[PDB]
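Structure, as C-alpha coordinates:
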Amino acid sequence: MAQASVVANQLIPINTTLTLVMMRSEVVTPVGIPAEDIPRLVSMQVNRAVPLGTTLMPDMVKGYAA
(Lines give C-alpha, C1' and ligand atoms only; values in the text may rest on other atoms or scores of the structure.)
Protein backbone atom coordinates (compact mmCIF):
# COMPACT_ATOMS: atom_id res chain seq x y z
CA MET A 1 0.00 0.00 0.00
CA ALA A 2 1.89 3.14 -1.07
CA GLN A 3 -0.74 4.86 -3.25
CA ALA A 4 -2.41 7.73 -1.38
CA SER A 5 -5.95 8.89 -2.18
CA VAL A 6 -7.81 12.17 -1.76
CA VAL A 7 -9.77 12.19 1.55
CA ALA A 8 -12.08 14.84 2.93
CA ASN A 9 -10.31 17.13 5.36
CA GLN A 10 -13.70 18.52 6.50
CA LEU A 11 -17.37 17.71 5.89
CA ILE A 12 -18.09 18.65 2.31
CA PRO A 13 -21.91 19.35 1.94
CA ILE A 14 -23.77 18.03 -1.12
CA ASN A 15 -23.26 20.26 -4.17
CA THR A 16 -20.23 22.12 -2.76
CA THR A 17 -17.50 23.30 -5.13
CA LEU A 18 -14.24 21.74 -3.92
CA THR A 19 -11.43 24.00 -2.62
CA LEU A 20 -7.89 23.03 -1.59
CA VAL A 21 -8.56 23.27 2.19
CA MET A 22 -11.10 20.45 1.77
CA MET A 23 -8.72 17.74 0.53
CA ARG A 24 -5.84 15.92 2.14
CA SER A 25 -3.81 12.98 0.83
CA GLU A 26 -3.77 9.78 2.82
CA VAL A 27 -2.97 6.09 2.24
CA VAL A 28 -6.37 4.47 2.67
CA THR A 29 -8.21 1.30 1.45
CA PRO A 30 -10.14 1.04 -0.78
CA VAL A 31 -8.20 3.38 -3.04
CA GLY A 32 -10.15 6.42 -4.35
CA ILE A 33 -9.12 9.32 -6.55
CA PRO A 34 -5.25 9.53 -6.66
CA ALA A 35 -3.78 12.25 -4.43
CA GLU A 36 -1.88 13.77 -7.43
CA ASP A 37 -5.21 14.74 -8.96
CA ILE A 38 -6.07 17.13 -6.09
CA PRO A 39 -5.22 20.13 -8.50
CA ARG A 40 -7.61 18.80 -11.16
CA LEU A 41 -10.45 18.62 -8.58
CA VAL A 42 -10.48 22.29 -7.48
CA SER A 43 -13.61 23.98 -8.69
CA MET A 44 -15.47 20.74 -9.38
CA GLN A 45 -18.68 19.85 -7.49
CA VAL A 46 -19.42 16.80 -5.38
CA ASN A 47 -22.82 15.11 -5.94
CA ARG A 48 -23.33 13.89 -2.37
CA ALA A 49 -22.25 14.86 1.17
CA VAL A 50 -18.72 13.64 1.96
CA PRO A 51 -18.15 13.34 5.77
CA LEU A 52 -14.81 14.25 7.34
CA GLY A 53 -12.27 11.49 6.72
CA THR A 54 -14.15 9.91 3.76
CA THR A 55 -12.18 8.84 0.71
CA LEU A 56 -13.25 10.72 -2.45
CA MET A 57 -14.28 8.24 -5.15
CA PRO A 58 -14.58 9.05 -8.96
CA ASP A 59 -18.36 8.70 -8.85
CA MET A 60 -18.73 11.40 -6.19
CA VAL A 61 -17.35 14.23 -8.35
CA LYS A 62 -19.48 15.81 -11.06
CA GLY A 63 -17.58 15.83 -14.37
CA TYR A 64 -14.56 13.82 -13.16
CA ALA A 65 -12.96 11.46 -15.61
CA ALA A 66 -9.28 10.29 -15.34
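Residue numbering restarts at 1 for every chain of the C-alpha coordinates, chains are lettered A, B, ... in their displayed order, and ligands are numbered from 1 as they appear.
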
Q.
If we count only C-alpha atoms and set the cut-off at 6 Å, which residues sit around region 54-57 of chain A, ignoring sequence neighbours fewer than 5 positions away in its own chain? Please answer as a ChimeraX atom specification.
A. /A:6-8,32-33

Q. Counting only C-alpha atoms, what is within 7 Å of residue 11 (chain A), bar same-chain residues fewer than 6 positions away, as a ChimeraX atom specification?
A. /A:50-52

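Closest to residue 59 (chain A) among A:29, A:10, A:47, A:16 is A:47, based on only C-alpha atoms.
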
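Using only C-alpha atoms, the residues found no farther than 12 Å from residue 46 (chain A), other than those of its own chain fewer than 6 positions away, are residues 8, 11, 12, 13, 14, 15, 16, 17, 18, 19, 22, 56, 57, 58, 59, 60, 61, 62, 63 and 64 of chain A.
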
Write the selection just made, keeping N, CA and C atoms, as an mmCIF file, in the first residue's frame?
data_model
loop_
_atom_site.group_PDB
_atom_site.id
_atom_site.type_symbol
_atom_site.label_atom_id
_atom_site.label_comp_id
_atom_site.auth_asym_id
_atom_site.auth_seq_id
_atom_site.Cartn_x
_atom_site.Cartn_y
_atom_site.Cartn_z
ATOM 1 N N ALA A 8 -11.438 13.615 2.506
ATOM 2 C CA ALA A 8 -12.081 14.842 2.932
ATOM 3 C C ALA A 8 -11.500 15.356 4.226
ATOM 4 N N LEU A 11 -16.147 18.141 6.540
ATOM 5 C CA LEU A 11 -17.372 17.713 5.890
ATOM 6 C C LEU A 11 -17.535 18.610 4.676
ATOM 7 N N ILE A 12 -17.814 17.966 3.553
ATOM 8 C CA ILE A 12 -18.094 18.649 2.305
ATOM 9 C C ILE A 12 -19.604 18.436 2.053
ATOM 10 N N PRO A 13 -20.478 19.456 2.210
ATOM 11 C CA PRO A 13 -21.909 19.351 1.937
ATOM 12 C C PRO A 13 -22.187 18.967 0.488
ATOM 13 N N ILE A 14 -23.350 18.355 0.239
ATOM 14 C CA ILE A 14 -23.774 18.028 -1.117
ATOM 15 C C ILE A 14 -23.774 19.295 -1.963
ATOM 16 N N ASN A 15 -23.342 19.162 -3.208
ATOM 17 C CA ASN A 15 -23.262 20.257 -4.166
ATOM 18 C C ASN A 15 -22.257 21.367 -3.874
ATOM 19 N N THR A 16 -21.306 21.165 -2.965
ATOM 20 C CA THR A 16 -20.233 22.118 -2.760
ATOM 21 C C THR A 16 -19.195 22.043 -3.898
ATOM 22 N N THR A 17 -18.625 23.188 -4.213
ATOM 23 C CA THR A 17 -17.500 23.302 -5.125
ATOM 24 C C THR A 17 -16.243 23.098 -4.254
ATOM 25 N N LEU A 18 -15.429 22.132 -4.637
ATOM 26 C CA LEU A 18 -14.241 21.742 -3.916
ATOM 27 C C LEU A 18 -13.158 22.807 -3.894
ATOM 28 N N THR A 19 -12.556 23.085 -2.723
ATOM 29 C CA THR A 19 -11.432 24.003 -2.619
ATOM 30 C C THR A 19 -10.277 23.198 -2.034
ATOM 31 N N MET A 22 -10.212 21.569 1.512
ATOM 32 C CA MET A 22 -11.098 20.451 1.768
ATOM 33 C C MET A 22 -10.468 19.080 1.532
ATOM 34 N N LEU A 56 -12.522 10.284 -1.265
ATOM 35 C CA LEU A 56 -13.248 10.718 -2.448
ATOM 36 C C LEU A 56 -13.093 9.719 -3.600
ATOM 37 N N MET A 57 -14.234 9.196 -4.050
ATOM 38 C CA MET A 57 -14.285 8.240 -5.145
ATOM 39 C C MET A 57 -14.643 8.950 -6.469
ATOM 40 N N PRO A 58 -14.277 8.441 -7.662
ATOM 41 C CA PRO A 58 -14.579 9.047 -8.962
ATOM 42 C C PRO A 58 -16.051 9.372 -9.154
ATOM 43 N N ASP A 59 -16.918 8.491 -8.676
ATOM 44 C CA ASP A 59 -18.364 8.696 -8.850
ATOM 45 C C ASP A 59 -19.001 9.775 -7.980
ATOM 46 N N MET A 60 -18.222 10.356 -7.062
ATOM 47 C CA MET A 60 -18.728 11.395 -6.192
ATOM 48 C C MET A 60 -18.493 12.763 -6.784
ATOM 49 N N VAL A 61 -17.661 12.898 -7.817
ATOM 50 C CA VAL A 61 -17.350 14.227 -8.349
ATOM 51 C C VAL A 61 -18.008 14.429 -9.707
ATOM 52 N N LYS A 62 -18.823 15.467 -9.811
ATOM 53 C CA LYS A 62 -19.483 15.808 -11.057
ATOM 54 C C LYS A 62 -18.482 16.188 -12.139
ATOM 55 N N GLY A 63 -18.448 15.489 -13.266
ATOM 56 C CA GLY A 63 -17.579 15.833 -14.374
ATOM 57 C C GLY A 63 -16.183 15.232 -14.281
ATOM 58 N N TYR A 64 -15.871 14.431 -13.250
ATOM 59 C CA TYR A 64 -14.556 13.824 -13.158
ATOM 60 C C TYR A 64 -14.477 12.639 -14.097
#

Q) So which bits of region 12-45 of chain A end up strand (DSSP E) when you DSSP the backbone, as a VMD selection string? A) chain A and resid 23 to 26
